[PDB]
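Here is the structure we will look at.
Number of protein chains: 2
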Amino acid sequence: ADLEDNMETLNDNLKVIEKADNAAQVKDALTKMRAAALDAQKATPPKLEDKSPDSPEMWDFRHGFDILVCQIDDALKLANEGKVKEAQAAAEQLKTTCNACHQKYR
Amino acid sequence: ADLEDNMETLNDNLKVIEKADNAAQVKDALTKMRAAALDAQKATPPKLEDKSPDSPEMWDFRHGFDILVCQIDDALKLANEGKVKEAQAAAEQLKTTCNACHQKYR
Ligand code: HEM
Ligand code: HEM
Ligand SMILES: CC(=O)Nc1ccc(O)c2ncccc12
Ligand SMILES: CC(=O)Nc1ccc(O)c2ncccc12
Ligand code: NI
Numbered sequence: 001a002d003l004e005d006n007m008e009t010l011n012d013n014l015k016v017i018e019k020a021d022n023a024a025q026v027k028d029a030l031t032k033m034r035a036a037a038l039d040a041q042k043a044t045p046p047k048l049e050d051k052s053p054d055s056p057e058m059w060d061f062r063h064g065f066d067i068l069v070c071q072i073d074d075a076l077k078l079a080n081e082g083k084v085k086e087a088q089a090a091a092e093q094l095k096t097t098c099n100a101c102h103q104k105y106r
Numbered sequence: 107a108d109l110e111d112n113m114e115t116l117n118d119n120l121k122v123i124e125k126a127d128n129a130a131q132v133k134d135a136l137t138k139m140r141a142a143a144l145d146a147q148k149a150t151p152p153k154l155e156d157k158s159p160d161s162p163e164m165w166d167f168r169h170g171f172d173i174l175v176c177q178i179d180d181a182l183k184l185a186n187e188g189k190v191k192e193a194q195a196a197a198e199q200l201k202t203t204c205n206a207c208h209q210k211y212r
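Spelled out as structure tokens, the structure:
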């Protein structure tokens, strides 16, 4: 999927997590988020079509996703432990990463 | 210590590790390396005095050290396990990181 498609998946599964009643629901959402983030990692944002592929901006763009995935896996660990409330909190804390990358490259 | 001083510590403790007879020797060297890398992380290379402190180049410069420290800790884990030969091998593998950062910012 393109960058846009993946971003929507991420954005939509965040609210889904924000409404979840149980762990299984959070896990599903987070699992979908993880996949989309990895796939997004491969795209080249429109604001970096120029910059060479090995550009320092690009590496920061891709590195942004390794942080999101690490964060996402921690949320899954929590969801896996039945701690639904803090798996949700962990979910929110992801926005920090989201925003960070958005103001530099979006 | 300045960037230069720290780099020398790193460079010299690498050979020391390359000559070590035992684990304790590797650990000492690596411990000195870890400290110097962290301290180096704070300096601003001469080729980045201009670029703003929050510059994408700077963050890559500092991030370079988080990789070196992670690598260094893995070497210590190995040295801690008595595996002197592979703690040494792990040591060498560090050069990849060293070079990488050198050709971009040195
Ligand atoms: C964090 C989990 C996260 C969310 C949520 C998110 C959402 C998001 C939206 C809603 C858009 C709009 C896309 C559209 O037009 O439909 C958007 C756009 C971009 N994002 Fe994003 N995004 C999240 C995380 C990240 C991360 C960690 C990065 C950087 C590694 C990133 C980057 C981008 C870019 C580029 C765009 C613009 C895409 C385009 O203009 O085509 N996002 N994101
Ligand atoms: C890896 C373990 C590593 C070694 C070894 C190393 C050595 C090294 C030397 C020998 C110099 C010369 C410094 C001097 O003039 O005495 C040097 C210089 C720089 N380095 Fe280095 N260095 C290692 C690792 C790293 C890493 C991971 C970075 C980046 C995060 C880095 C950066 C630099 C920079 C900048 C210089 C130049 C300093 C200056 O010109 O004042 N090094 N390094
Ligand atoms: C969960 C988390 O914060 N992860 C990370 C933080 C900082 C980094 O530089 C990372 N780099 C590569 C992969 C994960 C990283
Ligand atoms: C041992 C090792 O390779 N570490 C790392 C690899 C890649 C990263 O992006 C990292 N980020 C922050 C800290 C360590 C990192
Ligand atoms: Ni990293």
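Chain order of the listed sequences is A and B. Just so we're aligned, residue 1 is where the first sequence starts under this note's numbering, counting upward by one. Just so we're aligned, residue 107 is where the second sequence starts under this note's numbering, counting upward by one. Note that the Cβ used here is the ideal one computed from N, Cα and C, for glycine as well.
Extent of the continuous alpha helix (DSSP H) run through residue i
i: residue 212 of chain B; result: From DSSP, residue 212 of chain B is part of no alpha helix (DSSP H); its letter is neither H nor E.
i: residue 48 of chain A; result: It is not in any alpha helix (DSSP H) - residue 48 of chain A carries neither H nor E in the DSSP assignment.
i: residue 81 of chain A; result: No alpha helix (DSSP H) holds residue 81 of chain A; DSSP gives it neither H nor E.
i: residue 22 of chain A; result: Unbroken run through residue 22 of chain A: none, as it is neither H nor E.
For residue j and residue i, believed in contact at Cβ under 8 Å, the rounded distance
i: residue 129 of chain B; j: residue 190 of chain B; result: 5 Å
i: residue 39 of chain A; j: residue 11 of chain A; result: Rounded, the Cβ-Cβ distance is 14 Å, inconsistent with contact.
i: residue 79 of chain A; j: residue 27 of chain A; result: 5 Å
i: residue 68 of chain A; j: residue 37 of chain A; result: 5 Å
Heavy atom of ligand 4 within 7 Å of residue i beta-carbon
i: residue 25 of chain A; result: no
i: residue 101 of chain A; result: no
i: residue 70 of chain A; result: no
8 Å Cβ cutoff met for residue i and residue j
i: residue 206 of chain B; j: residue 196 of chain B; result: no
i: residue 135 of chain B; j: residue 126 of chain B; result: yes
i: residue 64 of chain A; j: residue 97 of chain A; result: yes
i: residue 163 of chain B; j: residue 53 of chain A; result: no
i: residue 152 of chain B; j: residue 167 of chain B; result: no
i: residue 154 of chain B; j: residue 211 of chain B; result: yes
i: residue 88 of chain A; j: residue 17 of chain A; result: yes
Contact test: residue i Cβ vs ligand 3 heavy atom, cutoff 7 Å
i: residue 127 of chain B; result: no
i: residue 67 of chain A; result: yes
i: residue 74 of chain A; result: yes
Residue i: CB within 7 Å of a non-hydrogen atom of ligand 2
i: residue 211 of chain B; result: yes
i: residue 113 of chain B; result: yes
i: residue 144 of chain B; result: no
Cβ-heavy atom distance, residue i to ligand 7, below 7 Å
i: residue 98 of chain A; result: Because ligand 7 does not appear in the structure shown, any question about it cannot be addressed here, the ligands present being ligand 1, ligand 2, ligand 3, ligand 4 and ligand 5.
Any non-hydrogen atom of ligand 1 within 7 Å of residue i CB
i: residue 125 of chain A; result: For residue 125 of chain A there is no data in the structure shown, the boundaries of chain A being 1 and 106.
i: residue 162 of chain B; result: no
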